[PDB]
Amino acid sequence: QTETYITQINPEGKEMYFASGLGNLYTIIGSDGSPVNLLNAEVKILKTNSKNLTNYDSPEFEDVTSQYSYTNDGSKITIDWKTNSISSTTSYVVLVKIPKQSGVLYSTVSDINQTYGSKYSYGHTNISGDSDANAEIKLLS
Amino acid sequence: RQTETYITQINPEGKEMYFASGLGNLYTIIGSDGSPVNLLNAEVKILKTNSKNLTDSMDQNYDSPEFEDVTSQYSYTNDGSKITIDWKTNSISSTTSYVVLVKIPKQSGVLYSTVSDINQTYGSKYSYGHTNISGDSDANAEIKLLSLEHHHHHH
């Protein structure tokens with residue numbers, strides 16, 4: 001009934017800087033397309049030392065959901081990281097839980113207008129049938 | 001090196017994946033959408049193991065007793081745009097899972113993987129990809145700013 005999408009910010013502990021004129025780093029979660037409804041999404045934001053990344057309930061993860069907060073208009077969730085620079089030792093984890101819906105969801109580390117940065121997309125569709133054919137995918141180094 | 005590995009976990013939910021008569025064997029097809037991702041120089045490895053081992057991270061020791069190399073037993077066809085794997089059965093038990101590792105040159109774009117019939121008319125399909133929004137070749141384009149993953153369920 002529910003699906004959870006996990007977005008890790010600065011998963012490899014690098015210096016992430018947005019040139020002056022770009023504004024702060026933001027993370028936008030939504031669906032290019034059919035669209036995925038986000039009005040009933042459960043959102044949690046965690047902060048941790050990048051050295052910890054590769055269970056988000058562990059003491060190594062600090063719940064900062066209230067400190068950063070986020071906007072949600074039903075089709076896009078936006079998080080302001082409050083800075084144009086995230087140090088190599090800083091990482092965040094955004095958990096978005098929504099009713100199981102078929103479709104494509106995307107997450108970014110970009111400017112508020114999505115004209116600069118990086119965008120990852122994840123999708124699942126049932127070709128047809130009621131079989132329990134299932135898989136999980138991901139791109140990793 | 002600049003390579004990334006596109007990992008597909010087969011049956012991470014630990015359920016019996018059964019294809020009724022007429023659908024043929026279970027297959028996994030890996031390809032792209034759209035610029036298409038070039039798979040001509042892809043390095044492919046296939047592993048067999050128990051579903052209870054598959055993690056959301058997919059960052060495991062694929063060189064452990066847990067995993068067995070079945071790359072040759074299964075084999076695969078790769079025409080450069082599509083990789084097709086015949087699982088040789090219409091029934092994969094709840095305690096059987098596979099992991100397909102496709103190592104390719106670091107590229108932007110969206111790849112997809114299926115657990116379907118040979119013709120992709122039945123089953124499930126998943127897509128995953130990333131892209132540089134502005135297309136600028138700067139410091140940020142050289143690093144991974146984020147990662148996205150779907151939490152899998154294993155009842």
# chains A, B, ... in the order shown; residues from 1 in each chain; ligands from 1

$ residues_around --residues "segment 125-129 of chain A" --least-positions-apart "2" --cutoff "6 Å" --atoms "only C-alpha atoms" --output "PyMOL selection string"
(chain A and resi 102+131) or (chain B and resi 122-125)

$ interface_residues --of "chain B" --to "chain A" --cutoff "7 Å" --atoms "only C-alpha atoms" --output "ChimeraX atom specification"
/B:4-13,15-18,115,121-134,140,144-151

$ select_by_dssp --residues "chain B" --states "strand (DSSP E)" --output "NGL selection string"
:B and (3-10 or 17-18 or 27-32 or 43-49 or 68-69 or 77-78 or 82-86 or 91-92 or 97-105 or 109-116 or 123-132 or 146-150)

$ write_last_selection --atoms "C-alpha atoms" --output "CSV table (one decimal), in the first residue's frame"
chain,number,residue,atom,x,y,z
B,3,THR,CA,32.4,3.5,-14.9
B,4,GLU,CA,29.2,2.8,-13.1
B,5,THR,CA,27.4,-0.5,-12.5
B,6,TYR,CA,23.8,-0.8,-13.2
B,7,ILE,CA,22.6,-3.4,-10.7
B,8,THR,CA,19.3,-5.3,-11.1
B,9,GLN,CA,18.2,-7.5,-8.2
B,10,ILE,CA,15.9,-10.3,-9.3
B,17,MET,CA,7.5,-15.6,-9.5
B,18,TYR,CA,5.4,-17.9,-11.7
B,27,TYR,CA,13.4,-13.3,-18.7
B,28,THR,CA,15.1,-10.1,-17.7
B,29,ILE,CA,15.6,-7.5,-20.4
B,30,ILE,CA,17.8,-4.5,-19.8
B,31,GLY,CA,17.8,-1.5,-22.1
B,32,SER,CA,17.4,2.3,-22.3
B,43,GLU,CA,30.8,-6.0,-18.7
B,44,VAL,CA,28.1,-8.4,-17.4
B,45,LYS,CA,28.1,-10.6,-14.4
B,46,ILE,CA,25.2,-12.7,-13.1
B,47,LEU,CA,25.0,-14.0,-9.5
B,48,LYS,CA,22.6,-16.4,-7.8
B,49,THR,CA,21.7,-16.3,-4.0
B,68,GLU,CA,27.6,-17.9,-6.9
B,69,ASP,CA,28.7,-16.9,-10.4
B,77,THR,CA,22.4,-11.6,-25.7
B,78,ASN,CA,23.6,-8.0,-26.1
B,82,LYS,CA,19.4,-4.3,-25.2
B,83,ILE,CA,20.7,-7.1,-22.9
B,84,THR,CA,18.4,-10.2,-22.7
B,85,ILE,CA,18.7,-13.0,-20.1
B,86,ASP,CA,16.7,-16.2,-20.3
B,91,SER,CA,9.0,-20.6,-12.1
B,92,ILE,CA,11.5,-19.0,-9.7
B,97,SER,CA,17.2,-14.5,-6.3
B,98,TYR,CA,19.7,-13.3,-8.8
B,99,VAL,CA,21.7,-10.1,-9.3
B,100,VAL,CA,22.7,-8.8,-12.7
B,101,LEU,CA,25.6,-6.4,-12.8
B,102,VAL,CA,26.1,-4.3,-15.9
B,103,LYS,CA,29.3,-2.2,-15.7
B,104,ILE,CA,29.4,0.5,-18.3
B,105,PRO,CA,31.2,3.8,-19.0
B,109,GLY,CA,20.3,8.6,-19.4
B,110,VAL,CA,17.7,6.2,-18.2
B,111,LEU,CA,18.1,2.4,-18.2
B,112,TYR,CA,15.3,-0.1,-17.5
B,113,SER,CA,15.2,-3.7,-16.3
B,114,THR,CA,12.3,-6.2,-16.5
B,115,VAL,CA,11.2,-9.5,-15.1
B,116,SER,CA,9.0,-10.4,-18.0
B,123,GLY,CA,5.5,-8.8,-16.0
B,124,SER,CA,7.2,-5.9,-14.4
B,125,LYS,CA,9.5,-3.1,-15.6
B,126,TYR,CA,11.7,-0.7,-13.7
B,127,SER,CA,13.6,2.4,-14.9
B,128,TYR,CA,16.5,4.3,-13.3
B,129,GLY,CA,18.7,7.1,-14.5
B,130,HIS,CA,20.4,10.4,-13.9
B,131,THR,CA,21.3,13.4,-15.9
B,132,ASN,CA,23.2,16.7,-15.6
B,146,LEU,CA,22.8,12.6,-4.8
B,147,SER,CA,21.5,9.1,-5.1
B,148,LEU,CA,18.0,7.8,-5.4
B,149,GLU,CA,16.7,4.4,-4.4
B,150,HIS,CA,13.4,2.6,-3.9

$ closest_residue --among "A:101, A:48, A:67, A:58" --to "residue 89 of chain A" --atoms "only C-alpha atoms"
A:48

$ atom_distance --atom1 "atom CA of residue 1 of chain A" --atom2 "atom CA of residue 20 of chain B"
25.7 Å
